[PDB]
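Enquirer: Here it is, the structure, as structure tokens.
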Amino acid sequence: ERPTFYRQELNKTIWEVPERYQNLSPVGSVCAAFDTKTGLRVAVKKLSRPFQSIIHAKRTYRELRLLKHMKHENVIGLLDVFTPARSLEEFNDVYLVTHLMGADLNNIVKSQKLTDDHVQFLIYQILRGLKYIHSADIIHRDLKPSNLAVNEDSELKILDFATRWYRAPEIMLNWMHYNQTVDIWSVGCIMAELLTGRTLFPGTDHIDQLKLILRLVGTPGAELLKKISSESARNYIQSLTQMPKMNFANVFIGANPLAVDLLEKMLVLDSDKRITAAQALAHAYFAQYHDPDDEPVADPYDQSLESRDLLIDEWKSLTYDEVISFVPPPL
Ligand SMILES: Cc1ccc(-n2nc(C(C)(C)C)cc2NC(=O)Nc2nc(CCOCc3ccccc3)cs2)cc1
Ligand SMILES: CCCCCCCCO[C@@H]1O[C@H](CO)[C@@H](O)[C@H](O)[C@H]1O
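If you use PDB author numbering, the sequence shown corresponds to residues 4 to 31, 37 to 169, 184 to 353, in order.
Spelled out as structure tokens, the structure:
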């Protein structure tokens with residue numbers, strides 16, 4: 004049965020939602041509510057200008073199929089998706105519902121310096137999630153603290169939305199091809215922070231960001247020149263005064279012996295030579311939390327279906343069908 008909805012206004016917007024979701028408050037569009045069927049606190053996302061442009065419809069469609077497909081303890085799945093439209097022609101609004109996490113990794117504690125146990129469990133989770141994400145054939149490209157959802161009990165979720187502080191060098195530079203180890207770079211910069219209480223690469227701009235990265239990991243090795251296809255950059259890479267990669271022990275003073283070993287394997291300048299998210303799970307450092315029998319993989323996800331040239335109406339139909347097809351999780 005199609006449940007019973009209601010009309011409500013909060014700011015400039017007519018939010019129509021099922022009775023199931025109660026005590027609705029706005030939070031920056038997005039409102040937080042109480043689900044009565046489940047007994048959880050939720051955040052509802054009402055989708056902004058759903059079919060304004062081709063680019064909007066395309067974005068809306070993409071967002072859904074992703075999170076609809078997303079089912080992992082450490083990645084943001086969906087609890088529901090609804091629409092107050094009993095047919096396609098009247099369909100013009102999308103609302104998406106997931107469990108509300110209290111804060112992000114910035115303000116759980118990115119202020120002060122945390123304990124090794126605490127960073128083990130934290131990193132273990134992100135890595136547990138990256139594994140899933142990456143097995144879907146998907147690269148986050150924008151991993152950072154303000155993109156990790158944490159509850160009061162350090163139970164971490166990955167979602168999407184100075185920023186460049188956590189980006190991999192090959193993204194700063196903009197090599198148009200890259201692989202999943204760009205996110206590993208993010209984890210290293212995230213981890214390194216959580217261990218020293220200070221930002222690893224406090225870049226003030228693109229170059230400063232780049233120049234601080236080499237200060238640690240050294241200049242490019244002779245084996246990395248062979249991969250640079252751009253003469254533009256290739257000749258510049260030469261002109262530098264070769265840098266020895268710094269000794270991580272003296273960068274992470276008093277830190278866990280194994281956490282130091284991890285940060286070396288992760289913050290490899292050459293991506294090809296960085297650790298896979300799956301490999302990083304098996305690393306000694308996570309012996310505590312690492313359950314090799316509970317680090318699942320996704321199905322492969324079709325990123326080709328989502329990258330097409332179809333009309334406004336043609337996305338609207340494709341997107342609608344998704345909402346009809348959605349079946350909520352268990353609990
Ligand atoms: C164009 C596109 C690119 C990337 C993604 N994308 N990729 C991922 C993974 C890579 C799978 C992590 C996750 C997303 N999607 C999001 O992070 N969506 C979010 N939206 C908000 C706004 C309000 O928060 C409440 C709320 C309520 C209900 C649902 C979600 C959030 C915060 S997090 C989606 C679309
Ligand atoms: C000053 C120059 C900094 C070097 C940054 C490049 C290091 C990234 O490494 C490179 O990643 C690319 C895609 O991920 C691939 O083309 C290469 O195979 C890989 O070696």
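The beta-carbon is built from N, C-alpha and C at its ideal position, and this holds for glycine as well.
Just curious, the beta strand (DSSP E) that residue 107 is in, first and last residue?
Expert: Note, residue 107: beta strand (DSSP E), 103 to 107.
Enquirer: Let's test the definition: count the other Cβ atoms within 10 Å of the Cβ of residue 169 and tell me whether it reaches 16, buried, or not, exposed.
Expert: Per the 10 Å Cβ criterion, exposed.
Enquirer: Could you tell me whether the stretch 222 to 238 touches the stretch 246 to 256, where touching means 3 or more Cβ pairs closer than 8 Å?
Expert: In short, these stretches do not touch, since the Cβ pair count stays below three.
Enquirer: To the nearest angstrom, report how far apart residue 138 and residue 199 are at their CA atoms.
Expert: Each residue's alpha carbon lies about 19 Å from the other.
Enquirer: Between the alpha carbons of residue 18 and residue 217, how many angstroms are there, rounded?
Expert: Cα-Cα distance, rounded: 43 Å.
Enquirer: To the nearest angstrom, how far is the alpha carbon of residue 104 from that of residue 130?
Expert: Distance between the alpha carbons of residue 104 and residue 130: 27 Å.
Enquirer: Which residues neighbour ligand 1 when neighbourhood means a C-beta less than 7 Å away from any of its non-hydrogen atoms? List them by chain order.
Expert: Cβ-based neighbours of ligand 1 within the cut-off: 38, 51, 52, 53, 67, 70, 71, 74, 75, 78, 83, 84, 86, 104, 105, 106, 141, 146, 148, 166, 167, 168 and 169.
Enquirer: Let me check understanding here. Comparing Cα to Cα, which of 52, 61 and 282 lies closest to residue 335?
Expert: The candidate whose alpha carbon is nearest that of residue 335 is 61.
Enquirer: When the Cα of residue 16 is compared with those of 57, 25 and 44, which residue comes out closest?
Expert: Checked all of 57, 25 and 44; the closest Cα to residue 16 is 57.
Enquirer: Per DSSP, which residues does residue 39 bridge with? Please list them.
Expert: Answer is 29 and 52.
Enquirer: Between residue 165 and residue 90, what straight-line distance do the alpha-carbon atoms span, to the nearest angstrom?
Expert: Going by the C-alpha atoms only, they are around 23 Å apart.
Enquirer: Indicate the three-state DSSP secondary structure (helix, strand or coil) for residue 197 in the structure shown.
Expert: Three-state DSSP puts residue 197 in coil, outside helix and strand.
Enquirer: Please state the DSSP three-state secondary structure of residue 9.
Expert: Residue 9 falls in the strand class under three-state DSSP.
Enquirer: Would you grab the beta carbon distance between residue 291 and residue 242 for me? Rounded to a whole angstrom, and I think it's under 8 Å.
Expert: Confirmed, about 6 Å.
Enquirer: Kindly indicate which three-state DSSP category residue 34 falls into: helix, strand or coil?
Expert: For residue 34, no position is available: the coordinates of the chain end at 31 and pick up again at 37.
Enquirer: Taking the beta strand (DSSP E) that residue 19 belongs to, which residues open and close that run?
Expert: Start and end: 17 to 21.
Enquirer: Could you give the first and the last residue of the continuous beta strand (DSSP E) run that contains residue 233?
Expert: Run containing residue 233: none in the beta strand (DSSP E); it sits in the alpha helix (DSSP H), 228 to 239.
Enquirer: Determine the contact status of residue 304 and residue 312, defining contact as a CB-CB distance below 9 Å.
Expert: The answer is yes: Cβ separation under 9 Å.
Enquirer: For residue 24, does the three-state DSSP call read helix, strand or coil?
Expert: Residue 24: strand per DSSP, three-state reduction.
Enquirer: Which residue marks the beginning of the beta strand (DSSP E) containing residue 164, and which one marks its end?
Expert: 164 to 166 is the extent of the beta strand (DSSP E) around residue 164.
Enquirer: Look at residue 298 and residue 142 and say whether their C-beta atoms are less than 9 Å apart.
Expert: Their beta carbons are under 9 Å apart, which means residue 298 touches residue 142 by this criterion.
Enquirer: Tell me the residue span of the beta strand (DSSP E) that contains residue 157.
Expert: Residue 157 -> beta strand (DSSP E) spans 156 to 158.
Enquirer: Would you be able to state if there are at least three C-beta pairs under 8 Å between the stretch 184 to 201 and the stretch 142 to 160?
Expert: Counting Cβ pairs under 8 Å, three or more are found: they touch.
Enquirer: From residue 204 to residue 25, what does the alpha carbon distance come to, in whole angstroms?
Expert: Those two C-alpha atoms are separated by around 40 Å.
Enquirer: My output table needs one value for residue 308: the three-state DSSP class, helix, strand or coil.
Expert: Three-state result, residue 308: helix.
Enquirer: So, for residue 353: in the same chain, excluding its five sequence neighbours on each side, which residues have a beta-carbon less than 7 Å away from its beta-carbon?
Expert: Same-chain partners within the cutoff: 46.
Enquirer: For residue 271 and residue 162, I'd like the C-alpha separation in whole angstroms.
Expert: Approximately 27 Å between the Cα atoms of the pair.
Enquirer: What are the residues that DSSP puts in a beta bridge with residue 83?
Expert: The partner list for residue 83 (beta bridge, DSSP) reads 80 and 166.
Enquirer: Looking at the structure shown, is residue 89 part of a helix, part of a strand, or coil, going by DSSP?
Expert: In the structure shown, residue 89 sits in a strand (DSSP, three-state: E or B).
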